[PDB]
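Colleague: Pasting start.tsv below, which is TSV, C-alpha atoms.
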```tsv
chain	number	residue	atom	x	y	z
A	1	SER	CA	8.66	7.97	27.52
A	2	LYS	CA	5.77	8.45	29.94
A	3	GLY	CA	5.46	12.08	28.89
A	4	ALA	CA	5.28	11.07	25.23
A	5	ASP	CA	2.62	8.45	25.95
A	6	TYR	CA	0.47	10.90	27.91
A	7	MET	CA	1.00	13.58	25.25
A	8	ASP	CA	-0.12	11.19	22.51
A	9	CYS	CA	-3.18	10.44	24.63
A	10	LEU	CA	-3.93	14.16	25.07
A	11	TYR	CA	-3.84	15.08	21.34
A	12	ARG	CA	-6.33	12.37	20.37
A	13	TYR	CA	-8.72	14.59	18.41
A	14	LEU	CA	-5.90	16.25	16.47
A	15	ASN	CA	-4.50	12.83	15.60
A	16	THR	CA	-7.87	11.42	14.53
A	17	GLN	CA	-9.33	14.28	12.50
A	18	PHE	CA	-6.26	16.03	11.08
A	19	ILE	CA	-3.07	13.98	10.89
A	20	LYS	CA	-4.35	10.74	9.36
A	21	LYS	CA	-5.80	12.53	6.33
A	22	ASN	CA	-2.38	13.84	5.26
A	23	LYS	CA	-0.46	10.93	6.81
A	24	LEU	CA	1.50	8.73	4.42
A	25	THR	CA	-0.18	5.36	3.98
A	26	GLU	CA	1.97	2.49	5.24
A	27	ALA	CA	1.27	0.61	1.99
A	28	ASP	CA	3.27	3.01	-0.19
A	29	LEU	CA	6.02	3.29	2.43
A	30	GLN	CA	6.46	-0.46	1.87
A	31	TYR	CA	5.92	-1.86	-1.69
A	32	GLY	CA	4.97	1.42	-3.38
A	33	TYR	CA	8.00	3.57	-2.55
A	34	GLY	CA	7.11	6.54	-4.77
A	35	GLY	CA	8.57	9.25	-2.49
A	36	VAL	CA	11.64	11.55	-2.82
A	37	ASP	CA	10.42	15.06	-1.70
A	38	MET	CA	12.45	17.31	0.65
A	39	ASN	CA	9.79	17.41	3.35
A	40	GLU	CA	8.80	15.65	6.55
A	41	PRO	CA	5.25	14.32	6.10
A	42	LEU	CA	2.81	14.86	8.93
A	43	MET	CA	3.20	12.15	11.56
A	44	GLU	CA	1.69	11.06	14.85
A	45	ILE	CA	2.53	13.10	17.95
A	46	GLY	CA	4.18	10.13	19.61
A	47	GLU	CA	5.87	9.37	16.30
A	48	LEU	CA	7.21	12.92	16.24
A	49	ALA	CA	8.44	12.60	19.82
A	50	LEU	CA	10.29	9.31	19.29
A	51	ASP	CA	11.69	10.11	15.84
A	52	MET	CA	12.94	13.49	17.07
A	53	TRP	CA	14.43	11.90	20.20
A	54	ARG	CA	16.41	9.52	18.01
A	55	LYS	CA	17.38	12.29	15.58
A	56	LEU	CA	18.66	14.87	18.06
A	57	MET	CA	20.11	13.04	21.07
A	58	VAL	CA	21.21	9.44	20.57
A	59	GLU	CA	23.06	9.94	17.27
A	60	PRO	CA	25.69	12.41	18.59
A	61	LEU	CA	26.19	10.52	21.87
A	62	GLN	CA	26.23	6.86	20.83
A	63	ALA	CA	29.89	5.84	20.49
A	64	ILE	CA	30.92	6.58	24.08
A	65	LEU	CA	27.77	4.91	25.43
A	66	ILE	CA	28.32	1.70	23.47
A	67	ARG	CA	32.02	1.74	24.40
A	68	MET	CA	31.26	1.95	28.12
A	69	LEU	CA	28.55	-0.71	27.83
A	70	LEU	CA	31.04	-3.07	26.17
A	71	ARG	CA	33.56	-2.21	28.89
A	72	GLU	CA	31.05	-3.01	31.64
A	73	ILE	CA	30.42	-6.33	29.89
A	74	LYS	CA	34.05	-7.21	30.61
A	75	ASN	CA	33.55	-6.20	34.25
A	76	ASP	CA	30.58	-8.56	34.50
A	77	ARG	CA	32.69	-11.26	32.85
A	78	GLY	CA	35.06	-10.65	35.76
A	79	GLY	CA	32.23	-11.67	38.08
A	80	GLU	CA	30.96	-8.40	39.54
A	81	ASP	CA	27.33	-7.57	38.77
A	82	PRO	CA	26.39	-3.92	38.10
A	83	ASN	CA	22.79	-2.72	38.11
A	84	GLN	CA	21.04	-5.00	35.62
A	85	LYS	CA	17.87	-2.89	35.51
A	86	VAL	CA	19.64	0.23	34.20
A	87	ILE	CA	21.56	-1.62	31.49
A	88	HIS	CA	18.48	-3.62	30.49
A	89	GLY	CA	16.43	-0.45	30.14
A	90	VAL	CA	19.18	1.24	28.12
A	91	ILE	CA	19.40	-1.71	25.73
A	92	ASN	CA	15.61	-1.99	25.46
A	93	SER	CA	15.48	1.71	24.57
A	94	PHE	CA	17.19	0.87	21.27
B	1	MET	CA	-16.73	0.10	38.57
B	2	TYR	CA	-18.92	3.21	38.41
B	3	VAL	CA	-18.01	6.59	36.93
B	4	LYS	CA	-19.62	10.00	37.37
B	5	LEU	CA	-20.33	12.45	34.54
B	6	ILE	CA	-20.89	16.15	35.27
B	7	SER	CA	-22.46	18.37	32.63
B	8	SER	CA	-22.22	22.14	32.24
B	9	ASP	CA	-25.81	22.28	33.52
B	10	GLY	CA	-24.68	20.74	36.81
B	11	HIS	CA	-26.50	17.41	36.80
B	12	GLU	CA	-24.43	14.37	37.77
B	13	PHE	CA	-25.02	10.98	36.14
B	14	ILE	CA	-23.55	7.76	37.55
B	15	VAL	CA	-22.86	5.04	34.97
B	16	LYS	CA	-21.33	1.58	34.90
B	17	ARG	CA	-17.78	2.07	33.68
B	18	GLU	CA	-17.89	-0.85	31.23
B	19	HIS	CA	-20.71	1.02	29.49
B	20	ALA	CA	-18.78	4.30	29.54
B	21	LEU	CA	-15.61	2.86	27.99
B	22	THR	CA	-17.47	2.45	24.68
B	23	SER	CA	-16.44	5.95	23.58
B	24	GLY	CA	-12.73	6.34	22.85
B	25	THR	CA	-12.52	9.96	23.99
B	26	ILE	CA	-13.69	9.07	27.51
B	27	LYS	CA	-11.12	6.26	27.61
B	28	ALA	CA	-8.34	8.69	26.62
B	29	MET	CA	-9.54	11.33	29.16
B	30	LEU	CA	-9.33	8.78	32.04
B	31	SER	CA	-5.82	7.78	30.83
B	32	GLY	CA	-3.04	10.11	32.08
B	33	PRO	CA	-2.37	11.76	35.49
B	34	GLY	CA	-6.13	12.45	35.95
B	35	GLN	CA	-6.82	8.95	37.31
B	36	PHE	CA	-9.47	10.69	39.47
B	37	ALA	CA	-9.30	8.30	42.46
B	38	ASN	CA	-14.51	8.40	39.44
B	39	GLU	CA	-16.02	11.74	38.37
B	40	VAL	CA	-15.75	13.58	35.05
B	41	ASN	CA	-16.91	17.12	34.25
B	42	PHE	CA	-17.50	18.74	30.85
B	43	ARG	CA	-17.61	22.53	30.97
B	44	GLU	CA	-19.79	22.94	27.87
B	45	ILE	CA	-22.13	19.95	27.37
B	46	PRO	CA	-25.72	20.52	28.57
B	47	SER	CA	-27.36	17.84	30.68
B	48	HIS	CA	-30.12	16.63	28.36
B	49	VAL	CA	-27.91	15.78	25.38
B	50	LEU	CA	-25.48	13.97	27.67
B	51	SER	CA	-28.42	11.98	29.05
B	52	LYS	CA	-29.35	11.00	25.49
B	53	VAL	CA	-25.72	9.98	24.98
B	54	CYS	CA	-25.89	7.80	28.10
B	55	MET	CA	-29.06	6.19	26.78
B	56	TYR	CA	-27.17	5.51	23.55
B	57	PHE	CA	-24.45	3.83	25.63
B	58	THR	CA	-26.88	1.53	27.41
B	59	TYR	CA	-28.90	0.81	24.25
B	60	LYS	CA	-25.75	-0.25	22.39
B	61	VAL	CA	-24.79	-2.32	25.44
B	62	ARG	CA	-28.13	-4.19	25.45
B	63	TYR	CA	-27.97	-5.30	21.78
B	64	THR	CA	-24.54	-6.36	20.41
B	65	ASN	CA	-24.68	-8.74	17.37
B	66	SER	CA	-28.07	-9.73	18.91
B	67	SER	CA	-30.40	-11.83	16.66
B	68	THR	CA	-33.72	-10.46	15.17
B	69	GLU	CA	-34.77	-6.80	14.53
B	70	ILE	CA	-33.03	-4.13	16.70
B	71	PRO	CA	-35.45	-1.32	17.90
B	72	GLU	CA	-34.53	2.02	16.28
B	73	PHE	CA	-33.25	4.82	18.51
B	74	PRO	CA	-35.80	7.67	18.65
B	75	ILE	CA	-34.45	11.12	17.77
B	76	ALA	CA	-36.11	14.42	18.57
B	77	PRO	CA	-36.13	16.90	15.67
B	78	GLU	CA	-34.54	19.95	17.32
B	79	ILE	CA	-31.79	18.06	19.19
B	80	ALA	CA	-30.57	16.33	16.02
B	81	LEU	CA	-28.06	19.08	15.22
B	82	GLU	CA	-26.83	19.16	18.82
B	83	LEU	CA	-26.31	15.39	18.76
B	84	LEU	CA	-24.34	15.67	15.52
B	85	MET	CA	-22.17	18.31	17.13
B	86	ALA	CA	-21.67	16.34	20.34
B	87	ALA	CA	-20.72	13.15	18.49
B	88	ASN	CA	-17.26	14.52	17.64
B	89	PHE	CA	-16.14	15.67	21.08
B	90	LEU	CA	-16.91	12.21	22.48
B	91	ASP	CA	-15.95	10.24	19.33
B	92	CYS	CA	-18.37	7.39	20.02
C	1	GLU	CA	30.17	-21.36	-43.01
C	2	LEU	CA	27.31	-20.64	-45.42
C	3	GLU	CA	27.68	-24.07	-47.01
C	4	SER	CA	27.35	-25.68	-43.57
C	5	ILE	CA	24.36	-23.47	-42.68
C	6	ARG	CA	22.69	-24.44	-45.98
C	7	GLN	CA	21.21	-27.65	-44.58
C	8	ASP	CA	19.60	-26.32	-41.37
C	9	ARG	CA	16.33	-24.42	-41.73
C	10	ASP	CA	16.39	-22.84	-38.26
C	11	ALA	CA	19.91	-21.52	-38.77
C	12	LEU	CA	18.80	-19.98	-42.07
C	13	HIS	CA	15.81	-18.34	-40.37
C	14	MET	CA	18.04	-16.88	-37.67
C	15	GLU	CA	20.59	-15.69	-40.22
C	16	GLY	CA	17.90	-13.98	-42.28
C	17	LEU	CA	16.53	-12.20	-39.22
C	18	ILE	CA	20.04	-11.11	-38.20
C	19	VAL	CA	20.81	-9.79	-41.69
C	20	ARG	CA	17.52	-7.89	-41.84
C	21	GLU	CA	18.19	-6.35	-38.42
C	22	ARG	CA	21.74	-5.39	-39.41
C	23	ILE	CA	20.72	-3.77	-42.70
C	24	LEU	CA	17.39	-2.12	-41.89
C	25	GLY	CA	18.19	-1.20	-38.30
C	26	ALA	CA	15.59	0.29	-35.98
C	27	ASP	CA	14.50	3.07	-38.36
C	28	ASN	CA	11.13	1.60	-39.39
C	29	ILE	CA	8.66	-0.59	-37.52
C	30	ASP	CA	8.55	-3.04	-40.44
C	31	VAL	CA	11.50	-4.90	-38.88
C	32	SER	CA	9.08	-6.15	-36.21
C	33	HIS	CA	6.57	-7.67	-38.65
C	34	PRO	CA	8.44	-10.89	-39.59
C	35	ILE	CA	9.61	-11.64	-36.05
C	36	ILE	CA	6.12	-11.99	-34.59
C	37	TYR	CA	5.13	-14.22	-37.51
C	38	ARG	CA	8.17	-16.39	-36.88
C	39	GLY	CA	7.33	-16.64	-33.19
C	40	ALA	CA	3.73	-17.45	-34.10
C	41	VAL	CA	4.90	-20.53	-35.98
C	42	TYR	CA	7.03	-21.55	-33.01
C	43	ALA	CA	4.13	-20.69	-30.70
C	44	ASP	CA	2.03	-23.21	-32.60
C	45	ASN	CA	4.30	-26.20	-31.96
C	46	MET	CA	7.26	-25.36	-29.68
C	47	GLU	CA	7.78	-24.85	-25.95
C	48	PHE	CA	7.17	-21.08	-26.41
C	49	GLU	CA	10.55	-20.18	-24.86
C	50	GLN	CA	12.05	-18.41	-27.87
C	51	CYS	CA	8.65	-16.87	-28.67
C	52	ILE	CA	8.74	-14.91	-25.42
C	53	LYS	CA	12.18	-13.42	-26.04
C	54	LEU	CA	11.40	-12.67	-29.70
C	55	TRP	CA	8.23	-10.81	-28.73
C	56	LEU	CA	10.10	-9.02	-25.94
C	57	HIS	CA	12.71	-7.81	-28.43
C	58	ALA	CA	9.88	-6.67	-30.69
C	59	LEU	CA	8.35	-4.79	-27.75
C	60	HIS	CA	11.66	-3.09	-26.97
C	61	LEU	CA	12.15	-2.03	-30.59
C	62	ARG	CA	8.59	-0.70	-30.90
C	63	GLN	CA	8.67	1.07	-27.52
C	64	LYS	CA	11.92	2.77	-28.54
C	65	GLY	CA	9.52	4.92	-30.58
C	66	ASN	CA	5.88	5.95	-30.39
C	67	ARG	CA	3.56	3.19	-31.62
C	68	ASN	CA	0.35	1.61	-30.38
C	69	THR	CA	0.95	-1.97	-29.22
C	70	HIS	CA	-2.36	-2.86	-27.56
C	71	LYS	CA	-3.11	-5.62	-30.07
C	72	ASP	CA	0.33	-7.09	-29.39
C	73	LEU	CA	-0.33	-6.95	-25.64
C	74	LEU	CA	-3.70	-8.70	-25.91
C	75	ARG	CA	-2.28	-11.37	-28.24
C	76	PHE	CA	0.64	-11.99	-25.89
C	77	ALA	CA	-1.71	-12.16	-22.90
C	78	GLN	CA	-3.63	-14.77	-24.91
C	79	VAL	CA	-0.34	-16.64	-25.27
C	80	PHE	CA	0.08	-16.61	-21.49
C	81	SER	CA	-3.52	-17.74	-20.98
C	82	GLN	CA	-2.92	-20.72	-23.27
C	83	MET	CA	0.42	-21.70	-21.74
C	84	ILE	CA	-1.04	-21.42	-18.23
C	85	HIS	CA	-3.90	-23.68	-19.31
C	86	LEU	CA	-1.33	-26.21	-20.54
C	87	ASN	CA	-0.14	-26.23	-16.88
C	88	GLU	CA	3.54	-26.32	-17.96
C	89	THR	CA	3.99	-22.63	-17.23
C	90	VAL	CA	7.23	-22.53	-15.16
C	91	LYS	CA	6.79	-18.78	-15.60
C	92	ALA	CA	9.68	-16.36	-15.14
C	93	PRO	CA	8.45	-13.14	-13.47
C	94	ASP	CA	11.19	-10.88	-14.89
C	95	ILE	CA	9.48	-10.79	-18.29
C	96	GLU	CA	6.29	-9.87	-16.43
C	97	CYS	CA	8.10	-6.97	-14.76
C	98	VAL	CA	9.39	-5.74	-18.12
C	99	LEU	CA	5.97	-5.91	-19.76
C	100	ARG	CA	4.42	-4.19	-16.74
C	101	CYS	CA	6.88	-1.37	-17.32
C	102	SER	CA	5.90	-1.29	-21.00
C	103	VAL	CA	2.14	-1.21	-20.37
C	104	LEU	CA	2.51	1.38	-17.60
C	105	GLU	CA	4.50	3.59	-19.97
C	106	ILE	CA	2.01	3.23	-22.82
C	107	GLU	CA	-0.91	4.02	-20.50
C	108	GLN	CA	0.57	7.35	-19.45
C	109	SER	CA	1.75	8.15	-22.98
C	110	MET	CA	-1.67	7.68	-24.56
C	111	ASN	CA	-3.37	9.45	-21.65
C	112	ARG	CA	-1.16	12.43	-22.47
C	113	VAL	CA	-2.11	11.97	-26.13
C	114	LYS	CA	-5.80	12.08	-25.23
C	115	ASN	CA	-5.12	15.21	-23.18
C	116	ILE	CA	-3.48	16.78	-26.25
C	117	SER	CA	-6.66	16.74	-28.36
C	118	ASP	CA	-10.24	15.51	-28.17
C	119	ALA	CA	-11.35	15.71	-31.82
C	120	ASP	CA	-9.87	12.33	-32.82
C	121	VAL	CA	-9.27	10.34	-29.63
C	122	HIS	CA	-12.51	8.32	-29.59
C	123	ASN	CA	-10.54	5.36	-30.92
C	124	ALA	CA	-7.83	6.32	-28.43
C	125	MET	CA	-10.49	6.24	-25.71
C	126	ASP	CA	-11.57	2.76	-26.81
C	127	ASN	CA	-7.91	1.71	-26.70
C	128	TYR	CA	-7.83	3.19	-23.18
C	129	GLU	CA	-10.52	0.81	-21.97
C	130	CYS	CA	-8.87	-2.00	-23.94
C	131	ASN	CA	-5.56	-1.41	-22.16
C	132	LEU	CA	-7.34	-1.30	-18.81
C	133	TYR	CA	-9.08	-4.63	-19.43
C	134	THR	CA	-5.82	-6.19	-20.59
C	135	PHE	CA	-4.08	-4.94	-17.45
C	136	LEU	CA	-6.81	-6.71	-15.47
C	137	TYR	CA	-6.11	-9.92	-17.40
C	138	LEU	CA	-2.35	-9.76	-16.79
C	139	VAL	CA	-2.87	-9.00	-13.10
C	140	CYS	CA	-5.05	-12.11	-12.90
C	141	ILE	CA	-2.35	-14.12	-14.68
C	142	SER	CA	0.25	-12.87	-12.20
C	143	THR	CA	-2.12	-13.89	-9.41
C	144	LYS	CA	-2.43	-17.44	-10.74
C	145	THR	CA	1.35	-17.85	-10.47
C	146	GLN	CA	3.75	-17.55	-7.53
C	147	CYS	CA	7.49	-16.98	-7.27
C	148	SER	CA	10.16	-15.17	-5.17
C	149	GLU	CA	10.14	-12.20	-2.76
C	150	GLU	CA	12.03	-9.76	-5.00
C	151	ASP	CA	9.70	-10.51	-7.93
C	152	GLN	CA	6.50	-10.10	-5.90
C	153	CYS	CA	8.01	-6.82	-4.82
C	154	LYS	CA	8.38	-5.75	-8.48
C	155	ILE	CA	4.97	-6.89	-9.76
C	156	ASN	CA	3.33	-5.23	-6.75
C	157	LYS	CA	5.50	-2.14	-7.15
C	158	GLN	CA	4.31	-1.57	-10.73
```
Can I see the file as structure tokens?

Modeller:
Amino acid sequence: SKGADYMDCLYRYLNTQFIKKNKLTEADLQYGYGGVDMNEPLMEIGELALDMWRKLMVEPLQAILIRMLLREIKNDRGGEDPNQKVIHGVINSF
Amino acid sequence: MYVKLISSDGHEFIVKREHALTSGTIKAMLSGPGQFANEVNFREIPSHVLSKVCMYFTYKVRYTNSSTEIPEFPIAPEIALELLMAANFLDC
Amino acid sequence: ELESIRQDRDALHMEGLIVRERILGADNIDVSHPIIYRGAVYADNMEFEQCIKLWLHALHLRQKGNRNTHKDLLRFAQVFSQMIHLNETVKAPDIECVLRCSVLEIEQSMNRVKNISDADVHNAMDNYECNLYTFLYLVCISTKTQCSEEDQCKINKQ
């Protein structure tokens, strides 16, 4: 996350002068629709980082993670308190 | 509260940081691991144009939505092209 | 059945329209000519409800082929202007969506027609500006009214 933020900071000129011109306007992504091409439109560097991170890592490895989180919820219901910071960060990542 | 700018010429200009944060590029350069603690060096900008840029900073600082006529910013003929070039790399 | 229908004028009008539709079919545009007239009479004295659906059916039949309908569009926009001014609009946006589809189709079709040839499209060019100005009028009419989320999605989408 920190690397992506710093990276987005570092490519500022490329974002400002190149990407936005060919970027898809948010207006047509909402009411307009109008898109069905087999291409990935140019996006922000941070947008690339986060979208790719969702695409390539969390999708294959989600079922076991959610299963163990639900299981730990039962353990907390038993009374014992695991590390709240780790679980909170994991949930907030979603 | 004060930040140092170093040109390719070698001259060092100290400026109030609230003035300096007007330009987005400088803000982005400070952001990141280079927290500098400040001093900033540009390997290609000559001193005189950067001094004119600093005067632009302070002149914009003086008058913001101020009432009455705002004195125009004098421009030398030769340095006009250099200022146009240097506008991008600082994105002010 | 016919003996019973004999007394009612509206039933006779409807039966005549149905018979004409059944016999003539959708071959020729002439089938549309009476309907508008009928609606006009209703539009002069009624609540305009049946006028809207009659004119919509006329639009569907005409748009099934290739005919200019700009005069119909401006007349029907006049009908909306009047019924808005009466302040009893209770407008249904679905008809607006359908007519947006119709006008959007005719715009592209006649733009293609103008691209086909330039010798005899001066009147087509005038109709181009006419359609544009109408579209402005109908957008204003849509602005003066308000309805649901799905509908505002459709009017905006068109």

Colleague: For atom CA of residue 55 of chain C and atom CA of residue 76 of chain C, determine how far apart the two atoms are, in Å to one decimal place.

Modeller: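 Pair atom CA of residue 55 of chain C / atom CA of residue 76 of chain C returns 8.2 Å.
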
Colleague: Could you name the residues that touch residue 88 of chain A at 12 Å or less, counting only C-alpha atoms, but leaving out those on the same chain fewer than 6 positions away, as a list in words?

Modeller: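 Those residues are residues 69, 82 and 94 of chain A.
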
Colleague: What is the distance between atom CA of residue 105 of chain C and atom CA of residue 125 of chain C, in Å to one decimal?

Modeller: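 Computing the Euclidean distance for atom CA of residue 105 of chain C and atom CA of residue 125 of chain C yields 16.3 Å.
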
Colleague: Which chain A residues are at most 12 Å from chain B (counting all atoms listed in the file), as a list in words?

Modeller: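 Going by the stated atoms only, the list reads residues 2, 3, 4, 5, 6, 7, 8, 9, 10, 11, 12, 13, 14, 15, 16 and 17 of chain A.
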
Colleague: For each of C:74, C:98, C:41, C:90, take the minimum atom-to-atom distance to residue 146 of chain C, counting all atoms listed in the file, then give the residue where this is smallest.

Modeller: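 Ranking C:74, C:98, C:41, C:90 by distance to residue 146 of chain C, first place goes to C:90.
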
Colleague: List the neighbours of segment 12-28 of chain C out to 9 Å using all atoms listed in the file; skip same-chain residues closer than 6 positions along the sequence, and give me the result as a ChimeraX atom specification.

Modeller: /C:5-6,34-35,38,61-62,64

Colleague: Find the distance between atom CA of residue 34 of chain A and atom CA of residue 94 of chain C and write it in Å to one decimal.

Modeller: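 About the pair atom CA of residue 34 of chain A and atom CA of residue 94 of chain C: they are 20.6 Å apart.
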
Colleague: Select, as a VMD selection string, those residues of chain C with any atom no more than 8 Å from chain A (distances computed using only C-alpha atoms).

Modeller: chain C and resid 153 156 to 158

Colleague: Within 12 Å of (10.9, -7.2, -28.0), only C-alpha atoms: residues as JSON, numbers by chain?

Modeller: {"C": [26, 29, 31, 32, 33, 35, 36, 39, 50, 51, 52, 53, 54, 55, 56, 57, 58, 59, 60, 61, 62, 63, 64, 69, 72, 73, 76, 95, 98, 99, 102]}

Colleague: Hey, can you spit out that residue selection with C-alpha atoms as a PDB file, keeping the file's coordinate frame?

Modeller:
```pdb
ATOM      1  CA  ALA C  26      15.590   0.290 -35.980  1.00  0.00           C
ATOM      2  CA  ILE C  29       8.660  -0.590 -37.520  1.00  0.00           C
ATOM      3  CA  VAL C  31      11.500  -4.900 -38.880  1.00  0.00           C
ATOM      4  CA  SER C  32       9.080  -6.150 -36.210  1.00  0.00           C
ATOM      5  CA  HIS C  33       6.570  -7.670 -38.650  1.00  0.00           C
ATOM      6  CA  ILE C  35       9.610 -11.640 -36.050  1.00  0.00           C
ATOM      7  CA  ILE C  36       6.120 -11.990 -34.590  1.00  0.00           C
ATOM      8  CA  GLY C  39       7.330 -16.640 -33.190  1.00  0.00           C
ATOM      9  CA  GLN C  50      12.050 -18.410 -27.870  1.00  0.00           C
ATOM     10  CA  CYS C  51       8.650 -16.870 -28.670  1.00  0.00           C
ATOM     11  CA  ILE C  52       8.740 -14.910 -25.420  1.00  0.00           C
ATOM     12  CA  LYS C  53      12.180 -13.420 -26.040  1.00  0.00           C
ATOM     13  CA  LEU C  54      11.400 -12.670 -29.700  1.00  0.00           C
ATOM     14  CA  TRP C  55       8.230 -10.810 -28.730  1.00  0.00           C
ATOM     15  CA  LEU C  56      10.100  -9.020 -25.940  1.00  0.00           C
ATOM     16  CA  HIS C  57      12.710  -7.810 -28.430  1.00  0.00           C
ATOM     17  CA  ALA C  58       9.880  -6.670 -30.690  1.00  0.00           C
ATOM     18  CA  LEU C  59       8.350  -4.790 -27.750  1.00  0.00           C
ATOM     19  CA  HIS C  60      11.660  -3.090 -26.970  1.00  0.00           C
ATOM     20  CA  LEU C  61      12.150  -2.030 -30.590  1.00  0.00           C
ATOM     21  CA  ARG C  62       8.590  -0.700 -30.900  1.00  0.00           C
ATOM     22  CA  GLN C  63       8.670   1.070 -27.520  1.00  0.00           C
ATOM     23  CA  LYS C  64      11.920   2.770 -28.540  1.00  0.00           C
ATOM     24  CA  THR C  69       0.950  -1.970 -29.220  1.00  0.00           C
ATOM     25  CA  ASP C  72       0.330  -7.090 -29.390  1.00  0.00           C
ATOM     26  CA  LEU C  73      -0.330  -6.950 -25.640  1.00  0.00           C
ATOM     27  CA  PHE C  76       0.640 -11.990 -25.890  1.00  0.00           C
ATOM     28  CA  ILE C  95       9.480 -10.790 -18.290  1.00  0.00           C
ATOM     29  CA  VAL C  98       9.390  -5.740 -18.120  1.00  0.00           C
ATOM     30  CA  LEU C  99       5.970  -5.910 -19.760  1.00  0.00           C
ATOM     31  CA  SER C 102       5.900  -1.290 -21.000  1.00  0.00           C
TER      32      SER C 102
END
```

Colleague: With all atoms listed in the file as the basis for distance, which of C:11, C:138, C:155, C:147 is at the shortest distance from residue 81 of chain C?

Modeller: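 Closest candidate: C:138.
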
Colleague: Write out as a JSON list (two decimals) with C-alpha atoms, in the frame of the given file which residues come within 12 Å of segment 64-80 of chain B when counting only C-alpha atoms, dropping same-chain ones fewer than 5 positions away.

Modeller:
```json
[["chain", "number", "residue", "atom", "x", "y", "z"],
["B", 46, "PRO", "CA", -25.72, 20.52, 28.57],
["B", 48, "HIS", "CA", -30.12, 16.63, 28.36],
["B", 49, "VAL", "CA", -27.91, 15.78, 25.38],
["B", 50, "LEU", "CA", -25.48, 13.97, 27.67],
["B", 52, "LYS", "CA", -29.35, 11.00, 25.49],
["B", 53, "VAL", "CA", -25.72, 9.98, 24.98],
["B", 55, "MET", "CA", -29.06, 6.19, 26.78],
["B", 56, "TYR", "CA", -27.17, 5.51, 23.55],
["B", 57, "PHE", "CA", -24.45, 3.83, 25.63],
["B", 58, "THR", "CA", -26.88, 1.53, 27.41],
["B", 59, "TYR", "CA", -28.90, 0.81, 24.25],
["B", 85, "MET", "CA", -22.17, 18.31, 17.13],
["B", 86, "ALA", "CA", -21.67, 16.34, 20.34],
["B", 87, "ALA", "CA", -20.72, 13.15, 18.49]]
```

Colleague: Given 3 Å on each side, where is the centre and what are the edge lengths in Å to one decimal of the axis-aligned box enclosing the listed atoms of segment 136-145 of chain C, as AutoDock Vina command-line options?

Modeller:
```
--center_x -2.7 --center_y -12.3 --center_z -13.4 --size_x 14.2 --size_y 17.1 --size_z 14.0
```
